[PDB]
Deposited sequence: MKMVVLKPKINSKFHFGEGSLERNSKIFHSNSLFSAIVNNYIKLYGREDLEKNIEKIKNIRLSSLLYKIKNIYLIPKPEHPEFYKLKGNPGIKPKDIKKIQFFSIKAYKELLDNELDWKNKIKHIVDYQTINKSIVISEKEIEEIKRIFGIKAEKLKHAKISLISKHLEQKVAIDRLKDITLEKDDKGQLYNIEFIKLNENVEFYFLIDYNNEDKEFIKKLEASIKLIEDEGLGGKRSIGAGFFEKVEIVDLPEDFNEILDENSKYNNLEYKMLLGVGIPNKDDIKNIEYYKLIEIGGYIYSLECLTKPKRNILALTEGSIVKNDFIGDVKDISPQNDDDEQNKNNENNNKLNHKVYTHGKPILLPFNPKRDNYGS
């Protein structure tokens, strides 16, 4: 399993809730087709459709944000605002080095960024270092990590609609995990080439990057995802991407959240024709045993990288 890190360009802005893993897959596929043609893809479709992806997550230097596990354990009513857990903080929820149940006030007051991101104690001082925070509590510090802005564009008559633009802080980067689930070097190099082309290709819509680099998993991620470790036997698992279940994984789904993936409204001609949509489990859903996933059909990737979880 490898990590892809995308460092956004200086005045770049993105148009995509987070950027789901199926959109990443469509990007790496359009890049594969771009680099090697439409023919060489369907000679390897059965091997690109069996890669495992996480969604587009956020990285702050050496702090990796992961979605909040949709387990009821994590429910005044201010806890409905949090959506992220630093991978270190998430790991501390496994080794019980962080106590969610009886120490929530310390977590909410001293360890939460913008009321929405929970981190570890050992990351606090460097967070304060980066953004120049002198406040003794992080509760009393609003950090500008992203800048949102809705805009009213049309599709001049037709349908009016809003598009949300996101701008990243200079200390914030994108990242996502990739599992090739294969070892064909002649294929690996073309997947990593398709991933690397994003650098000049972009994401969304487009928002471009200054460097797209493929590296090895950081040591938290690797100490957690190594199959020759403790966490391997943990009975639950959390999605890091969208999940499109097959008829067999439906019996493994415990706590989850649903979203609808789908298509463009290519015309007004199709305002009479129904809208078939693909249901998927959001990032952070908990499944027992193992979630395999599926790839509907234009492809719709639904095999998410799982992350060992214990209640």
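According to the record, C-alpha coordinates are lacking for deposited residues 17-25, 85-93, 174-185, 236-240, 333-355, 370-376.
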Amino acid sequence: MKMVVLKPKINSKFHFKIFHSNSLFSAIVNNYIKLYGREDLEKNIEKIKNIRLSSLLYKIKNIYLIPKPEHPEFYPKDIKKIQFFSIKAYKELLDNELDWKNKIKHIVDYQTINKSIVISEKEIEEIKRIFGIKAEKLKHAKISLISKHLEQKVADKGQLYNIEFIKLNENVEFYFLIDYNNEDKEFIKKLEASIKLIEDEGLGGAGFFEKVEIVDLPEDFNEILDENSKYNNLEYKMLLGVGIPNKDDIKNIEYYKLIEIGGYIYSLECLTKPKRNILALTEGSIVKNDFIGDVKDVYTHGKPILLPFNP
From here on, numbers count along this sequence of modelled residues.
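Averaged over CA atoms, B-factors in the entry run higher in 94-102 than in the other of 94-102 and 117-125. Across the two stretches, 22-30 and 241-249, the PDB entry reports the greater mean Cα temperature factor for 241-249. The PDB entry assigns its highest CA temperature factor, among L35, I265, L279, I63, to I265. The PDB entry assigns its highest CA temperature factor, among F174, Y231, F208, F165, to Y231. Among the modelled residues of the chain, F84 sits in the lowest third by CA temperature factor in this PDB entry. Compared with the other modelled residues of the chain, the Cα B-factor recorded for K47 ranks in the highest third.
The PDB entry assigns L271 a C-alpha temperature factor belonging to the highest third of its chain's modelled residues. The deposited CA B-factor of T112 belongs to the middle third of values across its chain. Ranked by Cα temperature factor within the chain, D40 sits in the middle third according to the deposited record.
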